[PDB]
Amino acid sequence: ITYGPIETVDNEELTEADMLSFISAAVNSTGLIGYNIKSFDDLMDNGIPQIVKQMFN
């Protein structure tokens, strides 16, 4: 990918309250709890069948 040249980016007015927005985006994507829910659902969907087919023979 040919990203735009870094000389043309406008950030002079970027503050710390603006970076708190990036913190908010990261937390919203993560969900603050999600990882264990995804680990359990991945277990249920892939792992238990995978353990059955590959480890229970």
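Positions of Cβ are generated from backbone atoms using ideal geometry, with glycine treated the same way; all protein chains shown enter the neighbour counts. Bear in mind these aren't lab numbers, they're just calculated from the coordinates by the rules spelled out.
With respect to the conditions (1) within 16 Å of the chain's Cα centre (by Cα); (2) surrounded by fewer than 10 Cβ atoms within 10 Å (Cβ to Cβ); (3) polar (S, T, N, Q), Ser39 lacks only one, and its number is (2). Which one of these does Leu32 not meet: (1) outside any helix (DSSP H, G or I); (2) over 14 Å from the mean Cα position of the chain (by Cα)? Of everything listed in (1) outside any helix (DSSP H, G or I); (2) over 14 Å from the mean Cα position of the chain (by Cα), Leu32 misses just condition (2).
Please tell me if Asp10 is out of contact with any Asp or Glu (no Cβ under 8 Å at 6 or more places or on another chain) and either surrounded by 10 or more Cβ atoms within 10 Å (Cβ to Cβ) or assigned to a helix (DSSP H, G or I) (or both). Answer is no for this residue.
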